[PDB]
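Novice: This is the content of coords02.tsv (TSV, N, CA, C and O atoms and all ligand atoms):
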chain	number	residue	atom	x	y	z
A	39	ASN	N	118.39	145.65	106.65
A	39	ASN	CA	119.10	144.37	107.01
A	39	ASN	C	119.35	143.50	105.80
A	39	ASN	O	118.76	143.71	104.73
A	40	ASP	N	120.19	142.48	105.99
A	40	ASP	CA	120.38	141.43	105.00
A	40	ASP	C	119.03	140.78	104.72
A	40	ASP	O	118.23	140.52	105.63
A	41	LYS	N	118.78	140.51	103.44
A	41	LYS	CA	117.50	139.99	102.99
A	41	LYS	C	117.16	138.64	103.60
A	41	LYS	O	116.03	138.39	104.01
A	42	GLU	N	118.15	137.76	103.67
A	42	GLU	CA	117.92	136.42	104.18
A	42	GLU	C	117.65	136.47	105.68
A	42	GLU	O	116.92	135.62	106.20
A	43	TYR	N	118.23	137.45	106.36
A	43	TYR	CA	117.98	137.66	107.78
A	43	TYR	C	116.54	138.13	108.00
A	43	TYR	O	115.84	137.65	108.89
A	44	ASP	N	116.08	139.07	107.17
A	44	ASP	CA	114.69	139.52	107.25
A	44	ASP	C	113.72	138.36	107.06
A	44	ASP	O	112.73	138.26	107.78
A	45	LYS	N	114.02	137.48	106.11
A	45	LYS	CA	113.23	136.28	105.87
A	45	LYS	C	113.22	135.36	107.09
A	45	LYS	O	112.19	134.81	107.46
A	46	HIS	N	114.39	135.18	107.70
A	46	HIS	CA	114.52	134.41	108.92
A	46	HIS	C	113.65	134.96	110.04
A	46	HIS	O	112.93	134.20	110.71
A	47	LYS	N	113.71	136.27	110.25
A	47	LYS	CA	112.96	136.90	111.32
A	47	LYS	C	111.45	136.78	111.06
A	47	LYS	O	110.70	136.54	111.99
A	48	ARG	N	111.04	136.92	109.81
A	48	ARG	CA	109.61	136.75	109.45
A	48	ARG	C	109.15	135.35	109.76
A	48	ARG	O	108.06	135.14	110.30
A	49	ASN	N	109.97	134.37	109.42
A	49	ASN	CA	109.62	132.99	109.66
A	49	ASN	C	109.62	132.64	111.15
A	49	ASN	O	108.74	131.93	111.63
A	50	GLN	N	110.55	133.20	111.90
A	50	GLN	CA	110.54	132.99	113.34
A	50	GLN	C	109.30	133.60	114.00
A	50	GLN	O	108.72	133.01	114.93
A	51	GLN	N	108.91	134.78	113.53
A	51	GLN	CA	107.73	135.48	114.01
A	51	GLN	C	106.47	134.66	113.71
A	51	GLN	O	105.59	134.54	114.56
A	52	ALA	N	106.40	134.10	112.51
A	52	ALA	CA	105.25	133.29	112.13
A	52	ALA	C	105.17	132.01	112.96
A	52	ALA	O	104.10	131.63	113.44
A	53	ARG	N	106.31	131.35	113.18
A	53	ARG	CA	106.33	130.17	114.03
A	53	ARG	C	105.80	130.48	115.42
A	53	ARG	O	104.95	129.75	115.94
A	54	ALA	N	106.26	131.58	116.00
A	54	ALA	CA	105.86	131.98	117.34
A	54	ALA	C	104.39	132.32	117.41
A	54	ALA	O	103.73	132.08	118.42
A	55	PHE	N	103.86	132.87	116.32
A	55	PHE	CA	102.46	133.27	116.29
A	55	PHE	C	101.50	132.12	116.62
A	55	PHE	O	100.54	132.28	117.36
A	56	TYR	N	101.78	130.95	116.07
A	56	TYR	CA	100.88	129.82	116.27
A	56	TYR	C	100.87	129.31	117.69
A	56	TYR	O	99.93	128.60	118.08
A	57	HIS	N	101.89	129.68	118.47
A	57	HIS	CA	101.93	129.37	119.90
A	57	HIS	C	101.29	130.44	120.76
A	57	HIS	O	101.17	130.25	121.97
A	58	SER	N	100.89	131.56	120.17
A	58	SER	CA	100.48	132.72	120.93
A	58	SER	C	99.10	132.57	121.54
A	58	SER	O	98.22	131.90	120.99
A	59	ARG	N	98.91	133.24	122.67
A	59	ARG	CA	97.60	133.31	123.32
A	59	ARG	C	96.55	133.92	122.38
A	59	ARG	O	95.41	133.48	122.36
A	60	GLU	N	96.95	134.92	121.60
A	60	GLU	CA	96.02	135.63	120.72
A	60	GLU	C	95.54	134.69	119.62
A	60	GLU	O	94.35	134.64	119.33
A	61	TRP	N	96.45	133.92	119.02
A	61	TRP	CA	96.04	132.94	118.02
A	61	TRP	C	95.15	131.88	118.64
A	61	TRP	O	94.13	131.51	118.06
A	62	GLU	N	95.53	131.37	119.82
A	62	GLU	CA	94.76	130.27	120.40
A	62	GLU	C	93.29	130.69	120.58
A	62	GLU	O	92.36	129.95	120.25
A	63	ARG	N	93.10	131.91	121.08
A	63	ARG	CA	91.78	132.45	121.32
A	63	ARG	C	91.03	132.74	120.02
A	63	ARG	O	89.85	132.45	119.88
A	64	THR	N	91.72	133.33	119.05
A	64	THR	CA	91.08	133.74	117.81
A	64	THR	C	90.67	132.53	116.98
A	64	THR	O	89.60	132.50	116.40
A	65	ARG	N	91.53	131.52	116.94
A	65	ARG	CA	91.20	130.25	116.30
A	65	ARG	C	89.86	129.71	116.82
A	65	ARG	O	89.00	129.29	116.05
A	66	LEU	N	89.71	129.71	118.14
A	66	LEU	CA	88.50	129.22	118.76
A	66	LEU	C	87.30	130.09	118.39
A	66	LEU	O	86.22	129.58	118.16
A	67	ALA	N	87.50	131.40	118.34
A	67	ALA	CA	86.44	132.32	117.99
A	67	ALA	C	85.95	132.07	116.56
A	67	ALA	O	84.76	132.12	116.28
A	68	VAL	N	86.88	131.80	115.65
A	68	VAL	CA	86.52	131.53	114.26
A	68	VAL	C	85.77	130.21	114.13
A	68	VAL	O	84.73	130.12	113.46
A	69	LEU	N	86.28	129.16	114.76
A	69	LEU	CA	85.59	127.87	114.71
A	69	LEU	C	84.19	127.99	115.27
A	69	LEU	O	83.24	127.45	114.72
A	70	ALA	N	84.06	128.71	116.37
A	70	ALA	CA	82.75	128.87	116.99
A	70	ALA	C	81.79	129.62	116.08
A	70	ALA	O	80.63	129.19	115.89
A	71	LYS	N	82.26	130.73	115.50
A	71	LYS	CA	81.47	131.54	114.53
A	71	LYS	C	81.03	130.69	113.36
A	71	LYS	O	79.91	130.82	112.87
A	72	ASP	N	81.91	129.81	112.91
A	72	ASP	CA	81.68	128.92	111.78
A	72	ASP	C	80.91	127.64	112.16
A	72	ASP	O	80.68	126.77	111.31
A	73	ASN	N	80.55	127.50	113.43
A	73	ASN	CA	79.89	126.29	113.93
A	73	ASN	C	80.66	125.02	113.57
A	73	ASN	O	80.07	123.98	113.32
A	74	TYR	N	81.98	125.12	113.57
A	74	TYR	CA	82.88	124.01	113.31
A	74	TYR	C	82.65	123.37	111.94
A	74	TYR	O	83.00	122.22	111.74
A	75	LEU	N	82.08	124.12	111.01
A	75	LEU	CA	81.88	123.64	109.65
A	75	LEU	C	82.86	124.24	108.66
A	75	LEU	O	83.17	125.43	108.72
A	76	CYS	N	83.32	123.42	107.73
A	76	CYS	CA	84.17	123.90	106.64
A	76	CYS	C	83.41	124.91	105.81
A	76	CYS	O	82.36	124.61	105.27
A	77	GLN	N	83.95	126.12	105.70
A	77	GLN	CA	83.26	127.21	104.99
A	77	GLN	C	83.31	127.08	103.49
A	77	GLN	O	82.43	127.58	102.81
A	78	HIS	N	84.32	126.41	102.95
A	78	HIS	CA	84.35	126.17	101.51
A	78	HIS	C	83.35	125.11	101.12
A	78	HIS	O	82.61	125.30	100.17
A	79	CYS	N	83.29	124.03	101.88
A	79	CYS	CA	82.27	123.01	101.66
A	79	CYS	C	80.88	123.62	101.78
A	79	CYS	O	80.01	123.35	100.95
A	80	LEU	N	80.67	124.47	102.78
A	80	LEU	CA	79.34	125.07	102.97
A	80	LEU	C	78.92	125.88	101.74
A	80	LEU	O	77.76	125.81	101.29
A	81	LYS	N	79.85	126.64	101.18
A	81	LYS	CA	79.56	127.41	99.97
A	81	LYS	C	79.27	126.56	98.77
A	81	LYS	O	78.51	126.97	97.89
A	82	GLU	N	79.82	125.35	98.76
A	82	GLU	CA	79.55	124.33	97.75
A	82	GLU	C	78.38	123.42	98.13
A	82	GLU	O	78.21	122.35	97.55
A	83	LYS	N	77.58	123.84	99.11
A	83	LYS	CA	76.39	123.10	99.54
A	83	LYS	C	76.69	121.70	100.09
A	83	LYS	O	76.00	120.72	99.81
A	84	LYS	N	77.73	121.63	100.93
A	84	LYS	CA	78.17	120.40	101.56
A	84	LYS	C	78.43	120.67	103.03
A	84	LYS	O	78.82	121.78	103.41
A	85	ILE	N	78.23	119.64	103.84
A	85	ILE	CA	78.44	119.69	105.28
A	85	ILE	C	79.63	118.83	105.67
A	85	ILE	O	79.59	117.60	105.56
A	86	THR	N	80.70	119.49	106.14
A	86	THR	CA	81.93	118.82	106.52
A	86	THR	C	82.50	119.47	107.76
A	86	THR	O	82.60	120.70	107.82
A	87	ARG	N	82.88	118.66	108.73
A	87	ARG	CA	83.52	119.17	109.94
A	87	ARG	C	84.85	119.84	109.59
A	87	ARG	O	85.67	119.28	108.87
A	88	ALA	N	85.07	121.04	110.12
A	88	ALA	CA	86.36	121.71	109.98
A	88	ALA	C	87.40	121.11	110.91
A	88	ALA	O	87.08	120.73	112.04
A	89	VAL	N	88.64	121.07	110.44
A	89	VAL	CA	89.77	120.55	111.22
A	89	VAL	C	90.90	121.56	111.41
A	89	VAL	O	91.83	121.32	112.18
A	90	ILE	N	90.81	122.71	110.73
A	90	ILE	CA	91.89	123.69	110.77
A	90	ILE	C	91.29	125.06	110.49
A	90	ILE	O	90.27	125.16	109.82
A	91	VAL	N	91.91	126.11	111.04
A	91	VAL	CA	91.57	127.48	110.68
A	91	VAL	C	92.73	128.03	109.87
A	91	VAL	O	93.87	128.00	110.34
A	92	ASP	N	92.43	128.51	108.67
A	92	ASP	CA	93.46	129.00	107.73
A	92	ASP	C	93.29	130.49	107.44
A	92	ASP	O	92.16	131.01	107.34
A	93	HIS	N	94.43	131.16	107.27
A	93	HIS	CA	94.48	132.54	106.79
A	93	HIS	C	94.17	132.60	105.31
A	93	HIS	O	94.77	131.86	104.53
A	94	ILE	N	93.27	133.49	104.93
A	94	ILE	CA	92.91	133.62	103.50
A	94	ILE	C	94.10	134.20	102.74
A	94	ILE	O	94.65	133.56	101.84
A	95	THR	N	94.52	135.41	103.13
A	95	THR	CA	95.84	135.92	102.77
A	95	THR	C	96.81	135.28	103.75
A	95	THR	O	96.69	135.48	104.96
A	96	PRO	N	97.76	134.49	103.25
A	96	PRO	CA	98.61	133.74	104.17
A	96	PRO	C	99.34	134.61	105.17
A	96	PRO	O	99.68	135.77	104.90
A	97	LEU	N	99.60	134.04	106.35
A	97	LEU	CA	100.31	134.73	107.40
A	97	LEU	C	101.64	135.33	106.95
A	97	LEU	O	101.97	136.46	107.31
A	98	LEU	N	102.38	134.56	106.16
A	98	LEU	CA	103.70	134.99	105.70
A	98	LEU	C	103.63	135.99	104.56
A	98	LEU	O	104.64	136.59	104.19
A	99	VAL	N	102.44	136.17	103.99
A	99	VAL	CA	102.21	137.16	102.94
A	99	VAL	C	101.82	138.52	103.52
A	99	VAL	O	102.26	139.57	103.03
A	100	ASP	N	100.98	138.53	104.56
A	100	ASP	CA	100.58	139.79	105.20
A	100	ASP	C	100.41	139.61	106.71
A	100	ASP	O	99.36	139.20	107.20
A	101	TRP	N	101.46	139.97	107.44
A	101	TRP	CA	101.47	139.85	108.89
A	101	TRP	C	100.37	140.66	109.56
A	101	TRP	O	99.83	140.27	110.60
A	102	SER	N	100.00	141.79	108.97
A	102	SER	CA	99.04	142.68	109.59
A	102	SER	C	97.64	142.10	109.70
A	102	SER	O	96.85	142.54	110.54
A	103	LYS	N	97.35	141.07	108.89
A	103	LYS	CA	96.01	140.47	108.85
A	103	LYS	C	95.95	139.16	109.66
A	103	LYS	O	94.98	138.42	109.57
A	104	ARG	N	96.97	138.91	110.46
A	104	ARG	CA	97.14	137.65	111.18
A	104	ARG	C	96.00	137.27	112.13
A	104	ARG	O	95.77	136.08	112.36
A	105	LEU	N	95.30	138.26	112.69
A	105	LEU	CA	94.24	138.01	113.66
A	105	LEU	C	92.88	138.54	113.19
A	105	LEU	O	91.92	138.58	113.95
A	106	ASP	N	92.78	138.91	111.91
A	106	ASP	CA	91.53	139.45	111.39
A	106	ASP	C	90.54	138.35	111.08
A	106	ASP	O	90.83	137.46	110.28
A	107	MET	N	89.36	138.39	111.70
A	107	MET	CA	88.41	137.30	111.50
A	107	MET	C	87.95	137.17	110.06
A	107	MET	O	87.75	136.06	109.58
A	108	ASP	N	87.86	138.29	109.34
A	108	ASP	CA	87.52	138.24	107.93
A	108	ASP	C	88.65	137.74	107.04
A	108	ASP	O	88.46	137.61	105.84
A	109	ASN	N	89.80	137.45	107.64
A	109	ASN	CA	90.92	136.83	106.94
A	109	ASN	C	91.11	135.39	107.41
A	109	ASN	O	92.15	134.80	107.14
A	110	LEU	N	90.11	134.82	108.08
A	110	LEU	CA	90.25	133.46	108.64
A	110	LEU	C	89.04	132.60	108.32
A	110	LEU	O	87.91	133.06	108.44
A	111	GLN	N	89.28	131.36	107.90
A	111	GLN	CA	88.19	130.43	107.62
A	111	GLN	C	88.46	129.06	108.21
A	111	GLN	O	89.57	128.55	108.15
A	112	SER	N	87.41	128.45	108.74
A	112	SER	CA	87.47	127.06	109.17
A	112	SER	C	87.34	126.17	107.94
A	112	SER	O	86.45	126.39	107.12
A	113	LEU	N	88.25	125.19	107.82
A	113	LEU	CA	88.34	124.32	106.63
A	113	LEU	C	88.51	122.87	107.02
A	113	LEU	O	89.09	122.55	108.05
A	114	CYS	N	87.99	121.99	106.16
A	114	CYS	CA	88.30	120.57	106.22
A	114	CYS	C	89.67	120.34	105.58
A	114	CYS	O	90.25	121.24	104.98
A	115	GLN	N	90.21	119.14	105.73
A	115	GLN	CA	91.53	118.87	105.18
A	115	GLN	C	91.56	118.99	103.66
A	115	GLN	O	92.51	119.52	103.09
A	116	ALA	N	90.55	118.45	102.99
A	116	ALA	CA	90.51	118.49	101.54
A	116	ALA	C	90.48	119.91	101.02
A	116	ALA	O	91.16	120.23	100.05
A	117	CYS	N	89.69	120.77	101.66
A	117	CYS	CA	89.63	122.17	101.27
A	117	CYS	C	90.92	122.91	101.61
A	117	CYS	O	91.33	123.77	100.87
A	118	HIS	N	91.57	122.56	102.71
A	118	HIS	CA	92.87	123.16	103.02
A	118	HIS	C	93.91	122.78	101.96
A	118	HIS	O	94.71	123.60	101.51
A	119	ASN	N	93.89	121.51	101.53
A	119	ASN	CA	94.78	121.05	100.48
A	119	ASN	C	94.52	121.77	99.16
A	119	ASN	O	95.45	122.20	98.47
A	120	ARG	N	93.25	121.91	98.80
A	120	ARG	CA	92.89	122.62	97.58
A	120	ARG	C	93.36	124.07	97.66
A	120	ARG	O	93.92	124.59	96.70
A	121	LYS	N	93.11	124.71	98.80
A	121	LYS	CA	93.48	126.11	98.98
A	121	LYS	C	94.99	126.28	98.90
A	121	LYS	O	95.48	127.28	98.38
A	122	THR	N	95.74	125.31	99.41
A	122	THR	CA	97.21	125.38	99.34
A	122	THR	C	97.67	125.44	97.89
A	122	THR	O	98.54	126.23	97.54
A	123	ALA	N	97.07	124.63	97.03
A	123	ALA	CA	97.43	124.64	95.61
A	123	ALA	C	97.04	125.94	94.93
A	123	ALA	O	97.81	126.53	94.15
A	124	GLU	N	95.85	126.42	95.25
A	124	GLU	CA	95.39	127.71	94.74
A	124	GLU	C	96.33	128.83	95.14
A	124	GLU	O	96.62	129.74	94.34
A	125	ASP	N	96.81	128.79	96.38
A	125	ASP	CA	97.67	129.84	96.88
A	125	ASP	C	99.05	129.81	96.24
A	125	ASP	O	99.69	130.86	96.11
A	126	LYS	N	99.51	128.63	95.84
A	126	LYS	CA	100.78	128.55	95.10
A	126	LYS	C	100.68	129.26	93.76
A	126	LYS	O	101.64	129.87	93.32
A	127	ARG	N	99.50	129.22	93.14
A	127	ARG	CA	99.31	129.97	91.89
A	127	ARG	C	99.34	131.48	92.13
A	127	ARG	O	99.73	132.25	91.24
A	128	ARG	N	98.91	131.92	93.31
A	128	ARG	CA	98.88	133.34	93.63
A	128	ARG	C	100.21	133.90	94.13
A	128	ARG	O	100.58	135.04	93.80
A	129	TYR	N	100.91	133.12	94.95
A	129	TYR	CA	102.06	133.61	95.71
A	129	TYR	C	103.34	132.79	95.54
A	129	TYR	O	104.37	133.15	96.10
A	130	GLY	N	103.27	131.68	94.82
A	130	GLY	CA	104.42	130.82	94.61
A	130	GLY	C	104.55	129.71	95.63
A	130	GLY	O	103.84	129.67	96.65
B	1	ZN	ZN	85.72	121.46	102.93
Can I see the file as structure tokens?

Specialist:
Amino acid sequence: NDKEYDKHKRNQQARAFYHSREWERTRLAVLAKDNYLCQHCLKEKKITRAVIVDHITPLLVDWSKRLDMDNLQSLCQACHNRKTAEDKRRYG
């Protein structure tokens, strides 16, 4: 297919994913496993409530890992922001 169309379809698929029953359930499973604590803060010896579950390898980078618990971490906002910058260095 046309490259820009493939990009469109990937982005539409990713948008739909966050509405999915599978994501809703898996998000909850990760937060529960993590005891609602930010996993980056915990590794840095800090206690912070998580507010988001993030893909380690981003969803748009590897669709196949979208529901893998070892590809998901509960994060606070500050750690999500830090990770976003880190990921720009890796993937643009
Ligand atoms: Zn944190």

Novice: Using Å and a single decimal, report how far atom N of residue 116 in chain A sits from atom C of residue 74 in chain A.

Specialist: 12.9 Å

Novice: Write out as a list in words each polymer residue (protein, DNA or RNA) that has an atom no more than 6 Å from ligand ZN 1 (chain B), with all atoms listed in the file counted.

Specialist: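 Within the 6 Å cut-off, the matching residues are residues 76, 77, 78, 79, 80, 86, 113, 114, 115, 116, 117 and 118 of chain A.
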
Novice: Create the file for the chosen residues now, containing N, CA, C and O atoms and written as an mmCIF file, keeping the file's coordinate frame.

Specialist:
data_model
loop_
_atom_site.group_PDB
_atom_site.id
_atom_site.type_symbol
_atom_site.label_atom_id
_atom_site.label_comp_id
_atom_site.auth_asym_id
_atom_site.auth_seq_id
_atom_site.Cartn_x
_atom_site.Cartn_y
_atom_site.Cartn_z
ATOM 1 N N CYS A 76 83.320 123.420 107.730
ATOM 2 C CA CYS A 76 84.170 123.900 106.640
ATOM 3 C C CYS A 76 83.410 124.910 105.810
ATOM 4 O O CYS A 76 82.360 124.610 105.270
ATOM 5 N N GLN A 77 83.950 126.120 105.700
ATOM 6 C CA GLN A 77 83.260 127.210 104.990
ATOM 7 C C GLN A 77 83.310 127.080 103.490
ATOM 8 O O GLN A 77 82.430 127.580 102.810
ATOM 9 N N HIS A 78 84.320 126.410 102.950
ATOM 10 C CA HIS A 78 84.350 126.170 101.510
ATOM 11 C C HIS A 78 83.350 125.110 101.120
ATOM 12 O O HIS A 78 82.610 125.300 100.170
ATOM 13 N N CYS A 79 83.290 124.030 101.880
ATOM 14 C CA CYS A 79 82.270 123.010 101.660
ATOM 15 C C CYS A 79 80.880 123.620 101.780
ATOM 16 O O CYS A 79 80.010 123.350 100.950
ATOM 17 N N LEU A 80 80.670 124.470 102.780
ATOM 18 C CA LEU A 80 79.340 125.070 102.970
ATOM 19 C C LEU A 80 78.920 125.880 101.740
ATOM 20 O O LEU A 80 77.760 125.810 101.290
ATOM 21 N N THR A 86 80.700 119.490 106.140
ATOM 22 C CA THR A 86 81.930 118.820 106.520
ATOM 23 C C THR A 86 82.500 119.470 107.760
ATOM 24 O O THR A 86 82.600 120.700 107.820
ATOM 25 N N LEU A 113 88.250 125.190 107.820
ATOM 26 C CA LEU A 113 88.340 124.320 106.630
ATOM 27 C C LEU A 113 88.510 122.870 107.020
ATOM 28 O O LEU A 113 89.090 122.550 108.050
ATOM 29 N N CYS A 114 87.990 121.990 106.160
ATOM 30 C CA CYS A 114 88.300 120.570 106.220
ATOM 31 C C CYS A 114 89.670 120.340 105.580
ATOM 32 O O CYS A 114 90.250 121.240 104.980
ATOM 33 N N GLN A 115 90.210 119.140 105.730
ATOM 34 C CA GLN A 115 91.530 118.870 105.180
ATOM 35 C C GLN A 115 91.560 118.990 103.660
ATOM 36 O O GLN A 115 92.510 119.520 103.090
ATOM 37 N N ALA A 116 90.550 118.450 102.990
ATOM 38 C CA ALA A 116 90.510 118.490 101.540
ATOM 39 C C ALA A 116 90.480 119.910 101.020
ATOM 40 O O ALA A 116 91.160 120.230 100.050
ATOM 41 N N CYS A 117 89.690 120.770 101.660
ATOM 42 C CA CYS A 117 89.630 122.170 101.270
ATOM 43 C C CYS A 117 90.920 122.910 101.610
ATOM 44 O O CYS A 117 91.330 123.770 100.870
ATOM 45 N N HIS A 118 91.570 122.560 102.710
ATOM 46 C CA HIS A 118 92.870 123.160 103.020
ATOM 47 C C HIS A 118 93.910 122.780 101.960
ATOM 48 O O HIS A 118 94.710 123.600 101.510
#

Novice: One decimal, Å: what's the distance from atom N of residue 41 in chain A over to CA of residue 99 in chain A, could you say?

Specialist: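 Calculated distance between atom N of residue 41 in chain A and CA of residue 99 in chain A is 16.9 Å.
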
Novice: I'd like the neighbourhood of residue 94 in chain A as a PyMOL selection string, where a residue qualifies if any of its atoms comes within 8 Å (using only C-alpha atoms), though same-chain residues fewer than 5 positions away should be ignored.

Specialist: chain A and resi 109-111

Novice: What's the 7 Å shell around residue 48 in chain A, counting only N, CA, C and O atoms, without same-chain residues fewer than 6 positions away, as a list in words?

Specialist: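 The filter keeps residues 54, 97 and 98 of chain A.
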
Novice: DSSP on the backbone: which residues in chain A end up as helix (DSSP H, G or I)? Give the answer as a ChimeraX atom specification.

Specialist: /A:41-55,59-71,77-81,101-103,107-109,115-129

Novice: Determine which residues of chain A DSSP labels as strand (DSSP E or B) from the backbone of this structure, then write them out as a PyMOL selection string.

Specialist: chain A and resi 75+87+90-93+110-113

Novice: Please compute the atom N of residue 105 in chain A-atom O of residue 89 in chain A distance, one decimal, in Å.

Specialist: 17.3 Å
